[PDB]
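Student: One structure follows; several queries about it will come next.
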Amino acid sequence: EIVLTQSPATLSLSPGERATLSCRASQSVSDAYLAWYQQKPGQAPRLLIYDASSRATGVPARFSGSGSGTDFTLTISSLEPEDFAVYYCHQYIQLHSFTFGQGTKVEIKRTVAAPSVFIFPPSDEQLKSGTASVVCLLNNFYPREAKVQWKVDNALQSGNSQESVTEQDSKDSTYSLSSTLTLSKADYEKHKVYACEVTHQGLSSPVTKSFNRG
Amino acid sequence: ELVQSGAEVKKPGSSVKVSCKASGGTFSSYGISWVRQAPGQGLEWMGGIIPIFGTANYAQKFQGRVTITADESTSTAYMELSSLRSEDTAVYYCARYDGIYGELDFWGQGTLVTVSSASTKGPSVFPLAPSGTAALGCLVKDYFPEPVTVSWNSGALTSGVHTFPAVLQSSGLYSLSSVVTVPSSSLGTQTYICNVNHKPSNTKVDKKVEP
């Protein structure tokens, strides 16, 4: 019934900066049956504020809320790297109907950081089974944007690597990334030099990590 | 604390029944709600129960498709959703609220329900071998469904540990690597084990990573 509208969808800010998130209700939820939750990646929501403005135990002072009727706000007065999270409002005026806002994603800006690059060769254990996974790690970088290209012998390989990025580190706001090249044992054994070449704005010229099949 | 049951696969058409176990027993005064989260989606309220009365409200969306119950004896509550379709794949959280208020002040850890006509497979674990700091890790390949937990040295090492989000491979099995940066000097002395647990298939495997 009561529709909560959160704004903005994403807030990209640096530490120190103020994050003010808005939550609008389709009808009055009173002197506030309104709450805010923080949801960090891989975790349950956590209560920050209830009754529009009441701070829950353990929630740091830099969090506060205000509003009544249909207009509410949550403020992180001075943003901290640990505040990377999605934030949700929740109205509970009639206990038979709980609705939530669509959330606001708070992302943390930082200084440019170079990826430390590593290459992993398949284990012998994996090879006995007839598959070769080759893993290239781009560690602790910023911003998100990176180019990982696989070089077998020296020809550009395509179409059989998957990437996965971690979420911004709670402590230093960096990303890490893995590129995994998966080949058949036969396909793997076709070539010799397996190379990972990483292009990032934290590096003056693209770094390459490689090993020779052995 | 509220302790939820392990993650499960269910086939389309069936029904799931998730447990939420309360603290001590004093969930007398408090309600228990079930909120679910579809992947990359918002929070969605399914229903609540005030246990001392065994009385349940539900969202209109989940009318007589959901049934929520409490067990007065051993202080656990249950959400049971039926006619599971692809759309019902979600993390199912239980949470505690006070009847005179309504804020969800404490939440369970979450229960992943994968609605799929696909069988449970445990993963294989392979070492990512060490290259003044050194990367080492573990590849956790070919499992179903999610999730898998990965710890290092039974919990003794947490610093510098990146465990990646799983990918879904073209085979329809998940894979993931968990890596760690340690001092180069500690390699040929400090021993490193990755502790993998895929609960849907009772698979605990501990793997040493050497160069």
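Because the Cβ atoms are built from the backbone with ideal geometry, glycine has one as well, and the counts that use them run over all protein chains shown. What is reported rests on the model, the rules as stated and the sources as named; no laboratory read-out is quoted.
Student: So which residues in segment A:80-103 are at the interface with chain B (Cβ under 8 Å from one of its Cβ atoms), in contact with a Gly (Cβ under 7 Å, 6 or more places away or on another chain) and part of a strand (DSSP E or B), if there are any at all?
Tutor: Correct list: A:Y88, A:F100.
Student: Determine which member of the set B:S73, B:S28, B:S23, B:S83 is of a type in the set (G, A, S) and closer than 28 Å to A:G42 by Cβ.
Tutor: B:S23
Student: So, one more: Tally up the residues in segment B:163-185 that are surrounded by fewer than 19 Cβ atoms within 10 Å (Cβ to Cβ), β-branched (V, I, T) and farther than 23 Å from B:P147 by Cβ, please.
Tutor: Result for segment B:163-185: 0.
Student: Among the residues of segment B:103-125, write down those that are in a loop (DSSP other than H, G, I, E, B) and either assigned by CATH to the domain that holds B:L176 or over 16 Å from B:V35 (Cα atoms) (or both).
Tutor: B:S116, B:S117, B:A118, B:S119, B:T120, B:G122, B:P123
Student: Across segment B:126-142, which residue is nearest to A:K209 (Cα to Cα) among those that are in contact with a helix residue (DSSP H, G or I) (Cβ under 7 Å, 6 or more places away or on another chain) and in a strand (DSSP E or B)?
Tutor: Step by step, filter segment B:126-142, then rank; the result is B:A134.
Student: Considering only segment A:151-167, state which residues are part of a loop (DSSP other than H, G, I, E, B) and within 14 Å of chain B (Cβ to nearest Cβ).
Tutor: If the condition is that a residue be part of a loop (DSSP other than H, G, I, E, B) and within 14 Å of chain B (Cβ to nearest Cβ), then A:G159, A:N160, A:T166, A:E167 are the ones that fit.
Student: So is A:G202 in a loop (DSSP other than H, G, I, E, B) and in contact with a strand residue (DSSP E or B) (Cβ under 9 Å, 6 or more places away or on another chain) or not?
Tutor: yes
Student: Residue by residue through segment B:191-211, note down the ones that are of a type in the set (S, T, Y) and surrounded by fewer than 20 Cβ atoms within 10 Å (Cβ to Cβ).
Tutor: B:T191, B:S201, B:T203
Student: Do the conditions hold for B:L168, that is, is it within 12 Å of chain A (Cβ to nearest Cβ) and of a type outside the set (S, T, Y)? Break it down into steps so the answer makes sense when it comes.
Tutor: Working: within 12 Å of chain A (Cβ to nearest Cβ): yes; of a type outside the set (S, T, Y): yes.
Spelling it out, B:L168 is indeed within 12 Å of chain A (Cβ to nearest Cβ) and of a type outside the set (S, T, Y).
Student: Looking only at segment B:81-118, which residues are of a type in the set (D, E), away from chain A (no Cβ under 14 Å) and loosely packed, with under 14 Cβ neighbours inside 10 Å?
Tutor: To start, the set of residues in segment B:81-118 that are of a type in the set (D, E) comprises B:87-88, B:98, B:103, B:105.
Still in the list and also away from chain A (no Cβ under 14 Å): B:87-88.
Across segment B:81-118, the qualifying residue is only B:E87.
Student: For residues in segment B:127-156 being more than 19 Å from A:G42 (Cα to Cα) and of a type in the set (A, V, I, L, M, F, W, C), which is farthest from the other protein chains (Cβ to nearest Cβ)?
Tutor: Of everything passing the filter in segment B:127-156, B:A156 is farthest from the other protein chains (Cβ to nearest Cβ).
Student: Among what's in segment A:53-101 and is among the polar types (S, T, N, Q) and within 15 Å of A:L13 (Cα to Cα), pick the residue that is surrounded by the fewest Cβ atoms within 10 Å (Cβ to Cβ). Talk me through it step by step, then tell me what you get.
Tutor: Going through segment A:53-101, the residues among the polar types (S, T, N, Q) turn out to be A:53-54, A:57, A:64, A:66, A:68, A:70, A:73, A:75, A:77-78, A:91, A:94, A:97, A:99.
Imposing the further condition that a residue be within 15 Å of A:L13 (Cα to Cα) reduces the set to A:75, A:77-78.
Details: A:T75: 15, A:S77: 14, A:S78: 12.
Here the residue is A:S78.
Student: Among what's in segment B:70-79 and is out of contact with any helix residue (DSSP H, G or I) (no Cβ under 9 Å at 6 or more places or on another chain) and surrounded by 14 or more Cβ atoms within 10 Å (Cβ to Cβ), pick the residue that is nearest to B:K11 (Cα to Cα).
Tutor: Within segment B:70-79, the match that is nearest to B:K11 (Cα to Cα) is B:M79.
Student: Listed residues B:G188, B:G160; which is away from chain A (no Cβ under 14 Å) and surrounded by fewer than 18 Cβ atoms within 10 Å (Cβ to Cβ)? Talk me through it step by step, then tell me what you get.
Tutor: Numbers: B:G160 fails: away from chain A (no Cβ under 14 Å).
Exactly one residue qualifies, and that residue is B:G188.
Student: Of all residues in segment A:104-117 being farther than 12 Å from A:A19 by Cα and surrounded by 22 or more Cβ atoms within 10 Å (Cβ to Cβ), which is farthest from the other protein chains (Cβ to nearest Cβ)?
Tutor: The qualifying residue farthest from the other protein chains (Cβ to nearest Cβ) is A:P115.
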